[PDB]
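# pasting the sequence and an experimental structure:
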There are 4 protein chains.
Amino acid sequence: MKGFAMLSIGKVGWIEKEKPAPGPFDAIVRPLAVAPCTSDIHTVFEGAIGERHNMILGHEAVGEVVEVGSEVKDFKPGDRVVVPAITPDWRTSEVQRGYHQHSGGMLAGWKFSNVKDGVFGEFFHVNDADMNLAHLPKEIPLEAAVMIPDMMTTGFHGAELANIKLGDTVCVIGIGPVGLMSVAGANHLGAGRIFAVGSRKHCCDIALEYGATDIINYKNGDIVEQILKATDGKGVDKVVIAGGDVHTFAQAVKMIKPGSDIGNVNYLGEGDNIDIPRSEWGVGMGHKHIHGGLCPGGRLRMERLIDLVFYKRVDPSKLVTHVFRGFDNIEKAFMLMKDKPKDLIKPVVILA
Amino acid sequence: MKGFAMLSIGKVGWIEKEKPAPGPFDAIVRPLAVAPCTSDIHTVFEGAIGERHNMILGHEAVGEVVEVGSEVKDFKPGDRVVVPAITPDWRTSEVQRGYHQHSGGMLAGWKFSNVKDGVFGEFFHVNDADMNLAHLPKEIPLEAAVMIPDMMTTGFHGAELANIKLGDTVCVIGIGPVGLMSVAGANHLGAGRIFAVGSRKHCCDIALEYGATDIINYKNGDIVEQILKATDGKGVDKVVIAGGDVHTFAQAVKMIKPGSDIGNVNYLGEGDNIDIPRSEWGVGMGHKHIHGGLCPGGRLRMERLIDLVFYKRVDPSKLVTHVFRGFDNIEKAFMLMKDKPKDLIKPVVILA
Amino acid sequence: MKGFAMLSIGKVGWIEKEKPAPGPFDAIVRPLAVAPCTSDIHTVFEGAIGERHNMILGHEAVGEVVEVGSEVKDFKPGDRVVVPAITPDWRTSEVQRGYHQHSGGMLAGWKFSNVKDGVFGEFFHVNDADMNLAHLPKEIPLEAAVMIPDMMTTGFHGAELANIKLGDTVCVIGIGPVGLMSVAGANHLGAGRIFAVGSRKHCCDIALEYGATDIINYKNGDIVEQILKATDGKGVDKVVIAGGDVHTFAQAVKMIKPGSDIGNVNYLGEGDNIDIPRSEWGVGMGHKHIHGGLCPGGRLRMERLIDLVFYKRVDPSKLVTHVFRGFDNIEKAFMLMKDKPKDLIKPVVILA
Amino acid sequence: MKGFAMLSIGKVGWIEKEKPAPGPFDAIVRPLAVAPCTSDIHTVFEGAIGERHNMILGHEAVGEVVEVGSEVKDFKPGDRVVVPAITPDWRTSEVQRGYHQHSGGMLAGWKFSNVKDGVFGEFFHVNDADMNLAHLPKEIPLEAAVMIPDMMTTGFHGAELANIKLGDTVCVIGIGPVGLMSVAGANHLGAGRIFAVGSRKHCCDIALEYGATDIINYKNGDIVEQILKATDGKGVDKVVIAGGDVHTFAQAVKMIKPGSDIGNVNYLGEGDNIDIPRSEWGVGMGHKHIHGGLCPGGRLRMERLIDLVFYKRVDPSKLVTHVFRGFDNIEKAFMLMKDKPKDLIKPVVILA
Ligand SMILES: C[As](C)(=O)[O-]
Ligand SMILES: C[As](C)(=O)[O-]
Ligand SMILES: C[As](C)(=O)[O-]
Ligand SMILES: C[As](C)(=O)[O-]
Ligand code: NA
Ligand code: NA
Ligand SMILES: [Zn+2]
Ligand SMILES: [Zn+2]
Ligand SMILES: [Zn+2]
Ligand SMILES: [Zn+2]
């Protein structure tokens, strides 16, 4: 079968691979709709998580089950499924400790396009179908559904990690697709005022649509100073980091009140260190809690997010700015994430 | 000054009292708008919290500050304010332990119409103005603003106590004004499917507007059996109790999954005991956690909720079904909570 | 093979059963040391969890692995293991939402002597060996080790559920072996003053050894009134219920401060309802949170508690008051839990 | 009156100051025993929190109340009291948000020797006596009692911030007096194995007495690799940072499991930034939560810790390695903290 792969750091292309076969608890799935992710640009071009060889890329798919192992009970060939980007091994110590994302090691719940061939292939393999797939309701269109595996779970996790309480004033730094979902997530965890820091007009407009109340752009001066002025010197209660770089944490610390939470979901692609400023972190003692976490996955997380879409709590379709057709256009869509035009949030390729 | 009071158990009427004077940290406030509460019906007619003598009723007001003590810094005469129903003494052990609602004893943060003359007077006294009052933005109409002191804080607290997580299926039992705010709260804390248990047409319609997906009317059969049928025997994830009686807890336990939370905010007016069914509670071991809590108050809670209204997260004006003009209509408005007509949710009295 | 079984409600005896065989992920284990539990008295004689027919009793064992399935990686024949009383199916929805105790339904993580033949047999079956067995260090004697599967995990869970904070004043109601572990648990979760409610001299003496500061014997007065007197009317911060009956919760509510937690681990064997007193529960609003939960199990919980014993944090050997040898004494040891002589805390039977 | 002061950065000496007078809610206290702190060395010699002019030093005292304001109810002249190092203004927004340590701004609950004349004077001022003093039981000697205001509360807070769960393997980095109390705190919060990182023999011996199981001395090699070797490559569950410098955080991240907590209580005296290593932090996504917080204070915290000492949970007397008498020895004791001889943990000066 054909797949679109990281050949090595800095190099992508189409390769031929054996079609995978399922173990007793697994499923083979063919993609119906897929999307590319900024994360794959960090992995391939920055070597952010080390060298790889002929690794099929992609970790955002809606699919059709085509084969199941003998012990799969809840899925059968023909079933349309939402495939989470995180598909843990559920029988590990990390799961017993409450961190399925790190099942088998740090980040190891994230298999596709990290430590396993991803979804940009004629077929792909899902470990533990019954634990790691969700049925797709017919009422949710493919374009919307493909935002669930990663964009929605990750953006919402940013809000979760930021420990948002009812009425909190929140700043989301970074309003690409993840950060837009963090704006939506903050709104769905009861935030009051929501600042969104971004620069591209279309992303700022969609941030308002998802519940941002204040757009903060760099043309009006230092963004920390703008947020301090806007809050009468008080700062914000909670910060979500959904973009930027290793230096964004310093900005979050400077804009946030003592006794607070910074929730990072950005994959940091370069730089040896994240710098936390000593004085503004209260010389070690300001209770400015710092969190940074990989998104939840598995069946239940998907079912929860599916319900949010089904019951019209969140409409992730606004993230999808470009749609193409056909296997060949996986390459086109991927290259769009690399050189992002000013109108891009997320591309989707429909295969069926 | 005139006030509308609990004369003793079973008896209300107009009385004359001395106008209060502030201590150094206090404010005297004149009401601009007030509302009556079901809780005062429990207190007066069921004697649910003991005997009282000539206690001015009411604990829901927006007002104008008319006098402040010498040590008040943040409020001045002329300021329009939202007055929380709960106005704690902030310098107590219970505050140091994190429970301002019980500062000075169980329920003792709730002063107005519990242990102190309430807001149905020409003036009323607010202890610790700087800690208890919040500024009212001019943009919020009086009718909406007077839903903030009690209805919003209490309904939202039901959702908070219910430990709602993203995508949870929630049942709110009781959709009077508090329950309607619990539906809104559940929506704002990331609930997916939301069942609302009620039978009055107008209340049920407003529940849908606040985010209820399913209305459960007891006239169509045992509400527990309806919810189990609707959830294919699985039950709901979390329950808010915002109405009913001491027997409602058993219903909550029977409809909820093991490993779950029941958040009560209903003031229970009668009955020796709340009965929790042994077998359905997992013979002591089902992790069906039971919570019951007085609403938060103080300045910060009010400011948080004012932000939710200001930034258009929640519109509590839908609760207001009757608007009366003039101080004398307090009596008429109160007597409507006693004999609840089917089109009533909450009355408001706007003062001259 | 021979096993000691519940024949039906009210009847026990030795029976012959099929020696179990393991699936690919399971182990067959022979007991090296076992103990009987009060819970099996509730199940057999009170019918507390329904009828059973020929169900081998017991759920507290250290064993020797004798056979493993083809997919078991971490355990081999000959390995000495601590077997948790709770051995969940790890691939369920309840596990994905953080409640392994209820995997597959309420209480369903507790298999042995609930929904599966227990450990009082020549052999028994452990589902998912790699997730549900822990290696026994040679330095821990068998008599101590057999307190880990249930007594330590349950008693400690009571303390966990009680949400103990450093310096809290705690009351543990009931000082059988579980309650003695709750006293120890409270001590290792930072309690200051610890009241222990009991009246049997040897249990009271052991309670002092595990950290109780005050013994509360009902013969000296109403236990709630004693605790109120001792705390100058303030009550206790947190309560663990580890014994008593359905009426013990009312005592906990009456002795505890508003804004608090009651952690129940007692298996309630009789009575329709647990009565919560309406007035002393703050008429629905006192923030007296009520918890009741089945003990954790699985491998990781066992390893954690093994560490507590190995590193000399807790010595559970003090619970063991009778040591017998051989299968012939399982029945004797079991009947001691039915008819509790005054010197008894927990018997252990060591097998050849 | 005389006091021992920071004259300016790098300079200390005795100065004359006006004897303070109390407001209505305050007390004037004369010290009976005091201790110096490493924090004052950072403040004076490193200029860690900026310039000061004639600020009396010291924030650890047991005292005799000599004067109270007219509104003080619970304290009177003659009363012996434990004075917390943190004495918040309790009537602030930060208190309503649950962070009394930051009442009136970051670190502003810590007044003595930060933003207020400290305890190394003939008298000192305590704001809000009823909220910020605790009675000293006669059964606790002065030397032990003077460990409660800062060493116990801080060290225990490190363990609290580290989110320790029963049986967790913990590493405490730094075993000066605060770190020794973190060891004791970890022990009290249910830790299993406890590593203590330190090299001064007497501190290491005392660490074992407080519950450390393993001493890790940097002279034997990279402490991270020592910990990885000891944990079979698994890392520790939780880390407390109670010493070191800005670079210690990187060590904590490298030794800890994904899905974990680092609780810092070290006052960081120099260095612009705390560097968090990107790769070992899971490229932003490892769930290695970072906390850094000022100790709790006020009356309730002191009463909690007094109970821990009174009921013989923790004996802080082992921290006191040097006792002197008289004001003339405050300077000597202070200079011990700068030049740390090998036998020093904490000095105490008894004044009465
Ligand atoms: C699965 As990801 C690190 O791209 O959110
Ligand atoms: C202040 As109330 C008990 O009526 O929510
Ligand atoms: C496993 As049990 C309910 O006896 O603690
Ligand atoms: C009050 As301190 C910063 O020395 O622990
Ligand atoms: Na109060
Ligand atoms: Na302060
Ligand atoms: Zn991605
Ligand atoms: Zn009310
Ligand atoms: Zn048992
Ligand atoms: Zn200090």
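Perfect, thanks for sending it. Residues are numbered from 1 along each chain as shown, chains lettered A, B, ... in the order given. Ligands and ions are numbered 1, 2, ... in the order given.
# name the residue of chain A that lies nearest to ligand 6.
Taking CB to the ion, ligand 6 has its nearest neighbour within chain A at residue A:258, 11.6 Å off. C-beta coordinates here come from the backbone N, C-alpha and C atoms, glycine included.
# I'd say that residue and residue A:287 touch.
Yes: the criterion here is CB atoms under 8 Å, and residue A:258 meets it with residue A:287 at 5.7 Å.
# mutual contacts of these two, please.
Common neighbours of residue A:258 and residue A:287, using CB atoms under 8 Å, 6 or more residues apart in numbering or on different chains, are D:99, D:101-102.
# who wins for most neighbours among those?
Using other CB atoms under 10 Å in any protein chain shown as the neighbour test, these are led by residue D:102, with 29 neighbours.
# quick one: contacts for that residue?
Under the criterion of CB under 8 Å, 6+ apart, the neighbours of residue D:102 are A:257-259, A:286-287, D:94, D:108-109, D:294.
# which non-adjacent residue is nearest it?
Nearest residue to residue D:102, sequence neighbours excluded (CB to CB, 6 or more residues apart in numbering or on different chains): residue A:258, at 4.0 Å.
# kindly report the same for residue A:195.
Take residue A:195 and drop its neighbours on the chain: the residue closest to it by CB to CB, 6+ apart is residue A:171, 4.2 Å away.
# beta partners of that neighbour?
Under DSSP bridges, the beta-bridge partners of residue A:171 are residue A:195, residue A:239.
# separation between it and residue D:291?
Distance of residue A:171 to residue D:291, given as CB to CB, to the nearest Å: 20 Å.
# now do residue A:136
As it turns out, when the distance is counted by CB to CB, residue A:136 lies 40 Å from residue D:291.
# can I assume residue A:156 sits in a strand?
No: the assignment for residue A:156 (DSSP: H, G, I helix; E, B strand; the rest coil) gives helix, which keeps it out of a strand.
# please verify my assumption that it contacts residue A:305.
Yes: with the criterion set as CB under 8 Å, residue A:156 and residue A:305 qualify as a contacting pair; they are 7.4 Å apart.
# so what's the closest residue to chain B within the stretch 201-350 of chain A up against?
Proximity to chain B, evaluated over the stretch 201-350 of chain A using CB to the nearest CB, is greatest for residue A:304 at 2.6 Å. Applying CB under 8 Å, 6+ apart to residue A:304 gives the contacts B:165-168, B:192.
# out of these, who's nearest residue C:227?
Comparing the contacts of residue A:304 against residue C:227 with CB to CB picks out residue B:165 as the nearest, at 35.8 Å.
# Three-state assignment for that closest one, please.
Secondary structure, three-state DSSP: residue B:165 is coil.
# do I have it right that residue A:28 meets residue A:125?
Yes: judged on CB under 8 Å, residue A:28 makes contact with residue A:125 at a distance of 6.0 Å.
# identify the contacts common to those two.
Both residue A:28 and residue A:125 are contacted by A:20, A:22, under the criterion CB under 8 Å, 6+ apart.
# still on that earlier bit, the residue nearest to residue D:102: what secondary structure?
For residue A:258, the assignment made with three-state DSSP gives strand.
# tell me, how many neighbours does it end up with?
Neighbour count for residue A:258, taken as other CB under 10 Å: 25.
# same question for residue A:141.
Here the number of neighbours of residue A:141 (other CB under 10 Å) works out to 14.
# residue A:317 belongs to a strand?
No: counting by three-state DSSP, residue A:317 is not part of a strand but helix.
# quick one, phi psi at residue A:235?
The phi and psi values for residue A:235, taken as degrees, to the nearest 10, are phi 80, psi 180.
# ok, now which ones touch it?
For residue A:235, the set of contacting residues under the criterion of CB under 8 Å, 6+ apart consists of A:227-228, A:255-257, A:260.
# and if we set it to 6 Å?
A:255-257 (CB atoms under 6 Å, 6 or more residues apart in numbering or on different chains).
# which of those count as buried?
Neighbour-count burial (16 or more other CB atoms under 10 Å in any protein chain shown) applied to those gives A:255-257.
# for chain A, which helix is longest?
The helix that spans the most residues within chain A, counting by DSSP state H, is helix A:298-310.
# would you mark the buried spots in the helix or strand just after it?
Secondary structure here is assigned by DSSP states H and E; on that basis, the next helix or strand after helix A:298-310 toward the C-terminus is strand A:320-325. Going by neighbour count (16+ other CB under 10 Å), the buried part of strand A:320-325 is A:320-323.
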